[PDB]
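Shown next, in structure tokens, is the structure this report addresses.
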Ligand SMILES: *[C@@H]1O[C@H](CO)[C@@H](O[C@@H]2O[C@H](CO)[C@@H](O[C@@H]3O[C@H](CO[C@H]4O[C@H](CO)[C@@H](O)[C@H](O)[C@@H]4O)[C@@H](O)[C@H](O[C@H]4O[C@H](CO)[C@@H](O)[C@H](O)[C@@H]4O[C@H]4O[C@H](CO)[C@@H](O)[C@H](O)[C@@H]4O[C@H]4O[C@H](CO)[C@@H](O)[C@H](O)[C@@H]4O)[C@@H]3O)[C@H](O)[C@H]2NC(C)=O)[C@H](O)[C@H]1NC(C)=O
Ligand SMILES: *[C@@H]1O[C@H](CO)[C@@H](O[C@@H]2O[C@H](CO)[C@@H](O[C@@H]3O[C@H](CO[C@H]4O[C@H](CO)[C@@H](O)[C@H](O)[C@@H]4O)[C@@H](O)[C@H](O[C@H]4O[C@H](CO)[C@@H](O)[C@H](O)[C@@H]4O[C@H]4O[C@H](CO)[C@@H](O)[C@H](O)[C@@H]4O[C@H]4O[C@H](CO)[C@@H](O)[C@H](O)[C@@H]4O)[C@@H]3O)[C@H](O)[C@H]2NC(C)=O)[C@H](O)[C@H]1NC(C)=O
Ligand SMILES: *[C@@H]1O[C@H](CO)[C@@H](O[C@@H]2O[C@H](CO)[C@@H](O[C@@H]3O[C@H](CO[C@H]4O[C@H](CO)[C@@H](O)[C@H](O)[C@@H]4O)[C@@H](O)[C@H](O[C@H]4O[C@H](CO)[C@@H](O)[C@H](O)[C@@H]4O[C@H]4O[C@H](CO)[C@@H](O)[C@H](O)[C@@H]4O[C@H]4O[C@H](CO)[C@@H](O)[C@H](O)[C@@H]4O)[C@@H]3O)[C@H](O)[C@H]2NC(C)=O)[C@H](O)[C@H]1NC(C)=O
Ligand SMILES: *[C@@H]1O[C@H](CO)[C@@H](O[C@@H]2O[C@H](CO)[C@@H](O[C@@H]3O[C@H](CO[C@H]4O[C@H](CO)[C@@H](O)[C@H](O)[C@@H]4O)[C@@H](O)[C@H](O[C@H]4O[C@H](CO)[C@@H](O)[C@H](O)[C@@H]4O[C@H]4O[C@H](CO)[C@@H](O)[C@H](O)[C@@H]4O[C@H]4O[C@H](CO)[C@@H](O)[C@H](O)[C@@H]4O)[C@@H]3O)[C@H](O)[C@H]2NC(C)=O)[C@H](O)[C@H]1NC(C)=O
Ligand SMILES: *[C@@H]1O[C@H](CO)[C@@H](O[C@@H]2O[C@H](CO)[C@@H](O)[C@H](O)[C@H]2NC(C)=O)[C@H](O)[C@H]1NC(C)=O
Ligand SMILES: *[C@@H]1O[C@H](CO)[C@@H](O[C@@H]2O[C@H](CO)[C@@H](O)[C@H](O)[C@H]2NC(C)=O)[C@H](O)[C@H]1NC(C)=O
Ligand SMILES: CCC(CC)[C@H](NC(C)=O)[C@@H]1[C@H](O)[C@@H](C(=O)O)C[C@H]1NC(=N)N
Ligand SMILES: CCC(CC)[C@H](NC(C)=O)[C@@H]1[C@H](O)[C@@H](C(=O)O)C[C@H]1NC(=N)N
Ligand SMILES: CCC(CC)[C@H](NC(C)=O)[C@@H]1[C@H](O)[C@@H](C(=O)O)C[C@H]1NC(=N)N
Ligand SMILES: CCC(CC)[C@H](NC(C)=O)[C@@H]1[C@H](O)[C@@H](C(=O)O)C[C@H]1NC(=N)N
Ligand SMILES: [Ca+2]
Ligand SMILES: [Ca+2]
Ligand SMILES: [Ca+2]
Ligand SMILES: [Ca+2]
Ligand SMILES: [Ca+2]
Ligand SMILES: [Ca+2]
Ligand SMILES: [Ca+2]
Ligand SMILES: [Ca+2]
Ligand SMILES: [Ca+2]
């Protein structure tokens, strides 16, 4: 009943344990499972749930045809019980739109959905399941946001938005909301040259967001926000362990204040936990496509431009499809530290599997362990041939 | 735990933002979605839900054949979570019947359902999910009511009913209920000549209802109710911007105290927000059929017989089917004013799409913003060819 | 939180209004609706629900074949929200068995299910959703009970059971339970010669049960129970308006203390409200089969052997199938009197409709009004041809 | 709100009454029922639920093919309302994995799921629906646990795990958890030579577990745990009434401190209630396959190596398939004693019914009665031919 404060630091990450997995595409082959994409996980004080952008049709439905498309009037942010699949009957609509973010401040939840045509989109900010504030596009070119949870501190929940070209300079803004109202907003500052789809987490009154430089960088831009002062900084992960996709092969020295070149106008949402020697980066295994997923322990990745891995864990084999990935934590758990968690979107269907006419995904999610646990791989598990 | 009082005025409407959309016909192509019509939205102090008259069959079910019919023994008022579709498994039956209204008074909900043959229908008034009062037909010709939410003030919830011919003078009554009991009723007074399907909202201890003159008027009749004195007045929207359907082309001067002629014996349920310069009217785009939907800002529409639009917003393109529309507000929201909202029923199937043997709909709903937001169009989205 | 006491009398019954209807067979043609039979309605202090004996299969399922059978290991007492259909996903299992009763005492619910082979059945009495007491068959011939709600007074909930032949003298017992424990039991006394499937209601600290004399009577046996003294009496409804089925044509004088002859070894569960001039009897319209349903006002039917109808209401046309019927009331409603209610089981399938291989039903239920309301008829509504 | 203490003794078992049955395979022939195996039952202070390991697909789904397999990435521990079937829409995922246990301590529930490849599995211990502790494999050979509920006393919930060969000596550990944290662990001691899948219950501050000696014994190993001292003992049921499967014919003298020989490297999870003369053993009827199920009253079975049955009850006929069986009790029921309960997994499909490509099960469960109740048999009830 009081706003949550980010008073703890991250727990020591020595490995990752399975947290949730919905097997949605497998189950949806013969049950009323909604087509989704851009999933994430977010916790309330008494429950943690899966979230995603529905496409407003089931996977077996005839309206699944054409669901590779990103922005239609039939999309909505939905949430559903942890590890169940997103069904027609258990999915709760949080708001209507084709780009979203959502977070609980300790008292209630803020959810944000953006909708509209490319040149006239608008964000609606919901708080306590009611619409409170609206924001019109400022650059008239696909106003858009995180696609994973936001983070709050003493009621202030910063959110990163981008409006403008995805393949050149754009207008990124950091909005500071409280009870769904705008306290302040600032234009992006720092050395990040382009920002998309930030994945954020909080610890010791600081919010760290790992984003995607769609324009030029194969290294990831990082925004660090002070939610009390309502100010931020930006840079890139200095490490040569490159974590966007597609991307060039890893070098031996990265770039701290500029995009690491080699691949232009493409990328995938991803994340990292940046905490000195307790630093872990996620990335696709393939440098060319959204296939495979691994976690690499890269001490001081944010600030050391020669930092390389000292430990790792395979999450998804390179022979299995992956997709977006993002961070979340259960800020209401017991204990002295916050346990880092992440999800990986396992994309099925188009464009990589074009024998089917749809595009959907399932979710797998892990949280850190202080033990050094054995590893397994966690594929989507569905057989495309069954849907033919 | 206290009855709600209409103490606030309307927020300034500068545009409309998306509030909810269930994509029911799209989803129902491959899931157990009930056939409905005559939908609406209504809020409780802790939740807002979609409501509609079920036809007692799913859309893919063989019993969907013949659902163009208005009044069968298989209909019921159902409610379901905001923006989910009306499924067999998540729909809550409020009462049995083929005409309804429902509203929360701040303590609990009153729901009214009318059933019976044309010459012997009766209304049952439920309060706190129990039947409390019954009213027999008084004119023996399809006793019927709003098809959208009623409004309460200090426990008094006025409801408009009509019994008698739909194409000549009829017997309209305004009932004032409190805890599901009849405090008083009055025959319609004022200059409205015929009343059907009123759409109501409340602000500053006054309830305004925009209804449909099925007999002669293409302008809409308006009933204004004082819920404390339990008295009312009636007139027509004076504006030349005609909002029924079908309707003749717009003139330059309307009629305040008589039906605007040109079209007889037909009409569609609709609504308006009448608040001086903050006045917005909804209407179908087509003058001939239930196609398209737009909101027009028409300053002083109620009292100015030459008032024309000063701003507008397209909700549904004229190349997409629309249908009934009505008003509702979240009277339990935070803030200093009541935010105007509306829904549009998107009718699919018969009679306009007769390759299918059913008639159903989906819902789209918006609420006002004080920003001037970009506009999008919101069609039902289902492909009729898939149901063949 | 206190046990309910039967302190009120019945409201004056001047007509019947629609209360609930699930349209289960119609909806179940294309959705996962369980096959049932022997339904009823029962209220808790905060909700009223539909109850029935599942057959442990959906209607469209291949295991629906053979569901005319009464007693299998796949049956269970289930409950579900008022007017929704009994689906796989919303049905709550109360206990396992093929004969049941259930009632709320004001604090929590007692549910009783009987299971077993014909010569070795046993009743399990559940209280607060936990098994508390068990009763073994005493006559080794289909131990069985009401098939509709029981009634409680100050925690004492009497229940009528029968064990022994259905076509000759049997051993009927009245058990008085409190918190699921046996306080006392008594053998049937009075002039009723055979008792089956009692339908009960309570008012002014007396419980009245209208049962079925399967052996010889076409008039119905009546048991009146004093739940404080834990004693009872039995007789038959004296009226010549005969209410079992099948039955001979109505005479002009009935029998008070013996079975009215003409039909042997058959019958249907039914009910009545016996309250002086406020007396209403339900019955099938047909004298030969379970078809049609009507309510007849028969002043002093219990004690006047020449009493005939003074008013009536058709519930189901004689061209539509009916079935079991029973009484229930919402003992937790507001107001000064208890409103009489009843349900009618609308049986579909075998044996009357043998083109399908299943037997199921839907439910329709009404409650009394003090108004003289217009009447409608309420058929099941499903088209058997669709299931072929 | 206080930890539960095992202060009561067992009620006198004079017979068994039906408690729950989900008919999952029958219902799942035409509804969205998940494929499962390794089910169990466990109670919270306010509800009792069915639990099982999902296979992450429905039974009618094409992904049901291959579900004989024990350990995939698509398995999860799920729970669902007592006697309903495990559907896609009502099943709650407790954790991800292919081996589990779960128990309520009076304050909240602890659930444990093991996942991973055979040589690198790990257990995750959840408490209050959040991950708290992780345990890595210690013998690198299928770390695994009970497959039925654990038992708590004053917050201490002992759990038995095994890691290592299933057909030779292995490394069994007894972990003592409290609030999901490890208080202590001990290696197995006593004369049991191999332990698998323990079935446990508690009474008078002692926890008794009946397990399976997969390696050499056809008699069952028994572990008795003192949850206060956090110590244990082990032996075998001395009785000649052999209760594993497959097994040799019963001798006249059993073995107390060594495996009863005749069958190697196979077995089925089972259980017993060991309480002096109030001792009842469950077993398959067949000595060769998982067919039939019976309860036998065998006074002093644990300590008397010549003890034979004095009473019995058939649960499942030998012409019907059975499977795993385990113990649970409602520790929060009213009364002076704990009522012994058990479930039997009714396995359908492979390997015994190989015309279908799946393996699943339904559940039947009973609790003891102090009456001597008539017996019935409770088969799964589904017709395999319908799934072809
Ligand atoms: C039971 O489970 C346990 C626990 O999971 C298992 O133990 C785990 O085993 C893992 C696999 O060996 C291991 O993970 C590796 O950790 C390495 C770090 O450790 C080593 O180095 C440190 C530092 O010197 C030592 O202290 C330590 O002792 C070790 O020697 C990582 O380096 C590994 O990652 C690299 O390899 C994999 C391929 O295996 C790549 O996918 C990965 O991206 C890394 O390599 C690429 O990137 C680097 C960095 O730029 C390049 O230098 C390199 O050339 C590669 O680049 C190519 O590939 C990438 C990706 O495609 C591409 O972008 C690029 O352009 C190039 O083409 C790996 O993470 C766990 O740490 C270990 N855990 C523990 C606790 O022990 C155990 O095996 C299991 N048991 C059984 C029996 O199965
Ligand atoms: C990004 O989004 C923003 C925000 O949504 C977009 O900006 C919006 O743009 C809208 C479209 O232009 C605009 O809506 C129009 O507003 C007009 C009022 O503004 C004009 O007049 C006022 C008053 O003088 C000026 O102050 C102002 O500056 C403007 O000049 C309305 O008049 C418009 O409605 C009329 O036109 C549409 C067709 O476009 C009809 O559907 C509608 O019914 C109205 O016209 C009929 O009715 C009138 C009244 O009787 C008749 O006079 C007229 O002849 C028409 O009658 C025929 O048609 C009807 C209907 O079929 C029939 O019944 C009748 O019989 C006749 O056959 C319209 O509402 C928004 O206000 C504007 N918002 C803002 C904040 O700017 C922006 O464009 C987007 N950007 C991009 C790049 O897309
Ligand atoms: C709008 O709705 C309103 C309200 O519903 C409608 O008004 C209702 O109209 C109903 C139909 O007319 C009416 O119900 C009838 O009531 C009769 C009692 O009223 C009459 O008698 C009293 C006493 O003298 C007068 O005071 C009063 O003014 C009336 O004259 C009942 O007697 C009626 O039931 C009998 O008829 C029906 C057939 O219509 C049978 O189904 C029924 O079982 C009864 O008859 C059988 O049983 C009796 C008793 O033994 C026998 O004597 C008789 O021969 C019949 O027996 C055969 O049939 C049975 C059944 O199959 C079989 O077992 C037996 O062996 C024999 O074969 C009937 O109940 C409502 O009371 C009335 N309500 C009000 C408030 O007015 C209005 O019409 C609607 N408007 C429109 C325009 O539709
Ligand atoms: C109404 O319901 C009531 C209540 O349920 C019914 O009454 C019940 O009737 C049951 C069936 O008769 C009965 O159960 C039997 O109880 C026997 C114990 O009672 C007898 O012995 C005691 C001790 O002397 C006496 O005091 C008592 O009066 C009785 O005489 C058990 O011994 C029975 O189990 C044995 O038989 C069944 C076959 O019927 C086997 O399945 C079972 O495993 C037992 O036999 C095997 O095991 C023993 C022990 O090692 C061997 O000695 C024996 O040779 C068998 O071994 C072969 O088979 C096993 C299993 O396949 C295999 O592993 C082995 O290698 C060998 O091949 C049985 O449990 C209930 O107690 C009784 N209840 C009451 C309260 O009365 C009533 O009948 C019903 N009414 C109607 C009309 O139906
Ligand atoms: C709506 O207005 C009525 C007064 O007109 C308020 O009613 C009073 O409420 C208080 C609190 O329960 C009582 O002590 C009075 O007896 C109430 N009755 C009247 C008629 O005076 C009501 O509280 C107002 N609602 C809200 C939400 O404030
Ligand atoms: C189970 O036994 C323990 C005592 O061994 C009880 O614990 C005490 O409970 C009271 C009430 O909360 C506290 O004041 C004590 O501090 C508790 N702790 C101990 C270890 O003493 C517990 O209440 C018992 N459970 C029930 C349901 O009675
Ligand atoms: C055109 C801008 C893109 C972000 C860099 C685009 N975002 C939106 C709001 O459309 C994403 C991108 O095209 C898709 C992907 O790369 O997987 C997802 C897609 N995201 C969503 N549909 N929500
Ligand atoms: C005959 C009277 C009509 C109202 C003016 C009629 N109302 C009823 C209760 O039947 C409506 C009208 O026929 C249909 C429509 O125009 O869309 C809906 C239909 N409304 C409903 N079925 N609830
Ligand atoms: C053989 C005894 C009958 C009661 C007089 C019989 N009751 C039971 C428990 O089987 C009923 C009768 O055969 C069926 C009917 O007449 O509709 C229902 C059937 N009732 C149930 N299946 N619950
Ligand atoms: C290889 C070890 C076996 C236990 C002795 C094995 N356990 C696991 C975790 O795989 C079980 C056994 O193979 C199957 C059975 O006998 O029915 C179930 C299977 N149990 C599970 N799948 N959970
Ligand atoms: Ca470089
Ligand atoms: Ca990039
Ligand atoms: Ca004019
Ligand atoms: Ca009109
Ligand atoms: Ca289906
Ligand atoms: Ca006679
Ligand atoms: Ca009879
Ligand atoms: Ca021996
Ligand atoms: Ca063995």
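How far, in nm to one decimal, is residue A:5 from itself in the other copies if the label point is set 7 angstrom along Cα toward Cβ? Shortest first, please.
3.9, 3.9, 5.5
Out of D:212, D:355, D:193, any idea which swings most in a Gaussian network model of chain D, alpha carbons joined below 10 Å?
Per the Cα network of chain D with a 10 Å cutoff, D:355 tops the list.
Sort C:209, A:43, B:367 so that the residue with the fewest other Cβ atoms within 10 Å of its own Cβ comes first and the one with the most comes last.
Numbers: C:209 31, A:43 20, B:367 24.
Lowest to highest Cβ neighbour count: A:43, B:367, C:209.
Considering every residue in C:69-76, what mean count of other chain Cβ atoms within 10 Å of its Cβ is obtained?
Details: counts 0, 0, 1, 3, 10, 10, 2, 7.
If you average over the peptide's residues, the count of other-chain Cβ atoms is 4.
Using a basic spin-label model with each label point 7 Å from the Cα along Cα→Cβ, how many nm lie between residue B:44 and residue B:185?
The two pseudo-label positions are separated by 2.8 nm.
Which whole number gives the average, over all residues in D:54-67, of C-beta atoms from other chains lying within 10 Å of the residue C-beta? Don't jump to the answer; show the numbers that get you there.
Working: counts 3, 2, 10, 9, 6, 1, 3, 8, 8, 11, 2, 2, 1, 0.
Mean inter-chain Cβ contacts per residue within 10 Å come to 5.
If the convex hull of the alpha-carbon atoms of region D:240-388 is projected onto planes in all directions, what is the mean projected area in square nanometres?
Working: hull surface 41.7 nm².
Quarter of the Cα hull surface area: 10.4 nm².
In the Gaussian network model of chain D, springs joining C-alpha atoms below 10 Å, which of D:69, D:153, D:232 carries the largest mean-square fluctuation?
Judging by the Gaussian network model, the answer is D:69.
How far is the Cα center of region A:145-165 from the Cα center of region A:299-339, in Å?
20 Å
Counting only Cα atoms, I'd like the Rg/Rh figure for region A:63-127, Kirkwood definition for Rh. Don't jump to the answer; show the numbers that get you there.
Numbers: Rg = 13.2 Å, Rh = 13.1 Å.
Dividing the radius of gyration by the Kirkwood radius yields 1.00.
As a check on your reading of the symmetry: which chain A residue has its Cβ nearest the axis that brings A onto C, and how far is it in Å?
Residue with the nearest Cβ, plus whole-Å distance, for chain A: A:89, 3.
So for each of B:101-108, D:71-78, D:115-122 I average, over its residues, the number of other beta carbons within 10 Å; can you give me the resulting order with the highest mean first?
On the way: B:101-108: 22.0, D:71-78: 23.9, D:115-122: 19.5.
Per-residue Cβ counts within 10 Å, averaged per peptide and sorted highest first, yield D:71-78, B:101-108, D:115-122.
Gain in length, residue A:253 to residue A:231, computed as 0.36 nm per residue apart minus the alpha-carbon separation, to one decimal in nm?
Working: separation 22, 0.36 × 22 = 7.92 nm, distance 2.96 nm.
Value of the extension gain: 5.0 nm.
With the Cα gyration tensor of region C:253-340 in hand, convert its eigenvalues to equivalent ellipsoid semi-axes via √(5λ) and list them largest first in whole Å. Don't jump to the answer; show the numbers that get you there.
Working: eigenvalues 106, 69, 33 Å².
Semi-axes, largest first: 23, 19, 13 Å.
When every alpha-carbon pair in region B:1-153 is counted, what percent end up more than 18 Å apart? Mind dumping the intermediate values first?
Working: 7106 of 11628 pairs.
Value for region B:1-153: 61 percent of Cα pairs lie more than 18 Å apart.
Evaluate the Debye formula for chain D with equal point scatterers sitting on the alpha carbons, no solvent, and hand back log10 of I(q)/I(0) at q = 0.09, 0.10 Å⁻¹, in q order, two decimals.
-0.45, -0.57
From the label point of residue D:182, set 7 Å from Cα along Cα→Cβ, how far away are the matching label points in the other copies, in nm, ordered shortest to longest?
5.3, 5.3, 7.5
Ordered shortest first, which distances in nm separate the 7 Å Cα→C-beta label point of residue C:62 from those of the other copies?
2.0, 2.0, 2.8
How much mean residue ellipticity at 222 nm does chain D get from its helices, if each DSSP H run of length 4 or more adds -39500 (n - 2.57) and you divide by all residues, to the nearest 500 deg cm²/dmol? Before the final figure, lay out the partial values.
Details: 1 runs with 5 residues, N = 388.
After summing the helix terms and dividing by residue count, I get 0 deg cm²/dmol.
Could you identify which residue out of C:180, C:335, C:66 has the top mean-square fluctuation in a GNM of chain C using Cα springs shorter than 10 Å?
So, out of C:180, C:335, C:66, the one fluctuating most is C:335.
Take the Cα pairs of the protein assembly as shown, get the Kirkwood Rh, then feed it into Stokes-Einstein at 10 °C and 1.306 mPa s and tell me D in µm²/s. Each step should come with its number before you reach the end.
Values: Rh = 34.7 Å.
The diffusion coefficient I find is 46 µm²/s.
Quick one: grab the alpha carbon gyration tensor of region D:1-71, order the square roots of its eigenvalues as a ≥ b ≥ c, and give me rounded if a/c is under 1.5, else prolate or oblate depending on whether a/b is larger than b/c.
Numbers: a/c = 2.74, a/b = 2.07, b/c = 1.32.
Prolate.
Along the three principal axes, how long is region B:152-268 when you take its alpha carbons, biggest first, rounded to the nearest angstrom?
The Cα atoms of region B:152-268 stretch 44, 31, 20 Å along their principal axes.
Ideal geometry is used to build each Cβ from the backbone, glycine not excepted, and the neighbour counts take in all protein chains shown. None of the figures in this text is laboratory data; all of them are computed from the coordinates on show.
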